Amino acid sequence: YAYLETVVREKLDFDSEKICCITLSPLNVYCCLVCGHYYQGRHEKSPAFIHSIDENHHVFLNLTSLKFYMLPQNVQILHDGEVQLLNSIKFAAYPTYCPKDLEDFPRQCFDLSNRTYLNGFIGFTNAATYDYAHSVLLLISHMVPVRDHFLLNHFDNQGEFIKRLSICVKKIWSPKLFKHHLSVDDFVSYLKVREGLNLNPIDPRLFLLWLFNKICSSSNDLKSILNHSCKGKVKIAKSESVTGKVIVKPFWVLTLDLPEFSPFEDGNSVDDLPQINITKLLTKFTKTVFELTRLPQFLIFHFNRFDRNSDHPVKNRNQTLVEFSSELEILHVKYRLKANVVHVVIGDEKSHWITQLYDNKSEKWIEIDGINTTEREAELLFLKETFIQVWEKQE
C-alpha cells in the first residue's frame, strides 16, 4: 500500500472512451491512477506495463473488471474494499447504491474541489454538441421507477447499450463525483457508431423517442417499466346504427399542436404576442372525439414548435407563448409538472436545449444549462419557450 499515496484522484475521469491511448485498442484497457491516462495491459511489453516502468506510475485500475493492480509487480490489490481511497475510485468508475441511499436523495454534495451540487441535478460538458442528449438523459434519470431500476440493478446480461446507459444514470445520481459534471460524448458517439443513431436533424423529442424504443427492444425488464409508467393511449372515435371507426393509439410523447403563428408579426409587449394556456391545448381531450383512455404515471407533452418541412424551420418556428403553472387536471386526474425542456436560440438559426428539473424535497426548480445550474421560480418557468414537459400523476 506504500504506492497509494501516489494516486491522484483529481486526474481520474471515467467518462472517456475506454481505449488505450497508445494502441487505440478497446481490449483490456487499464487506467493509470497516477496520471489518469488509459493503457492496454497488463503483460510485459503491454503499454500499461511499459508505462509503469518508464513513467514510474504503479497503481492501475482494470476498466472492465474493476480490479486494481500494481505494475510491474503484476499483482492484484486484494481487499480493495477495506481501503477508502480505492473504494472511492471504484465508486467513481461504477457508482453503487442500496435502497436506503435513495431515501435521502437528492441532497447537497461536494466534489473534490469542494464545489457543492445537488446529486442528480448536475450538468454536462459539450452542450454545444450534445445538449439534446443531456436533456433526455436527465428526463429519464428523474422518472423515479426507471431511475430506481437502473441504480439498484446490474446490467452485465442485457447487452452493451443497456449496460452503458445504466452507467450514465448511475453517475448522474452519484453523491461522490470527483467533479460536479459529466461527459456523455462517448456514450452518444457510441450510439451513432454502433447502434445506428443517425437522425438529422435531431432534438430532445426525436432522441427521447429513439432512446425509449431502443431501451424497449434491448431490455424486457425496462420495457415493462416504461410501458407501465410512461405509455399513454389516445382513443379517436366517430335507423341503421353505425358504431364508427375507433383508433386507439399508444404514445410515449403526446404532441400538442399550437395555434397558427406568423413569424413576421412583431410587437413590443407580451399582450401584442400570441398566448395560449396549456389547459386550452388539452381541450381536444376534455370537452370526431378524442379521449385520453390511458393516463400514465408520467405524461410527456411535446409542443409542436417546428415545421421541419419548410425553409429555415428554427427561425420560422411557432413562438406562441404557452402558459402553465405547476398543476393540471385532466378529467379529474391531477398532475404536477416535474421537468421542462426549453428551447433557446443561439442559413437557419441554431437550437440550444436546456433542462429544468423539480426537486420535491427542497421544493426548488433547478435549471441545467451546460455545466451551469441555477435555481428558477416555479411561477415564471413558462416565460421561456417550452418544448417538452414531464408531468407526474398525483394521488
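Residue numbers here begin at 1 and follow the sequence given.
- According to the entry, the stretch of the deposited sequence that connects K238 to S239 contains 4 to 9 residues lacking coordinates, which leaves a gap of moderate length in the model.
- Unmodelled residues of the deposited sequence between neighbouring positions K287 and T288 number 4 to 9.
- Set 245 to 253 against 189 to 197 and average the Cα temperature factors; 245 to 253 ends up higher.
- When 80 to 88 is weighed against 130 to 138, 80 to 88 comes out higher, by mean CA B-factor as recorded in the entry.
- As recorded in the entry, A378 carries the highest CA temperature factor of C21, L383, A378, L12.
- When the C-alpha B-factors of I167, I276, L209, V270 are ranked from the entry, the top spot goes to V270.
- Placement of the Cα temperature factor of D156 within the chain: highest third of the modelled residues, per the deposited record.
- Among all modelled residues in this chain, the alpha-carbon of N62 has a temperature factor (C-alpha) in the middle third.
- Ranked against the other modelled residues of its chain, the C-alpha B-factor of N340 as given in the entry falls in the lowest third.
- Ranked by Cα temperature factor within the chain, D148 sits in the middle third according to the deposited record.
- Sort the modelled residues of the chain by CA B factor and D203 lands in the lowest third.
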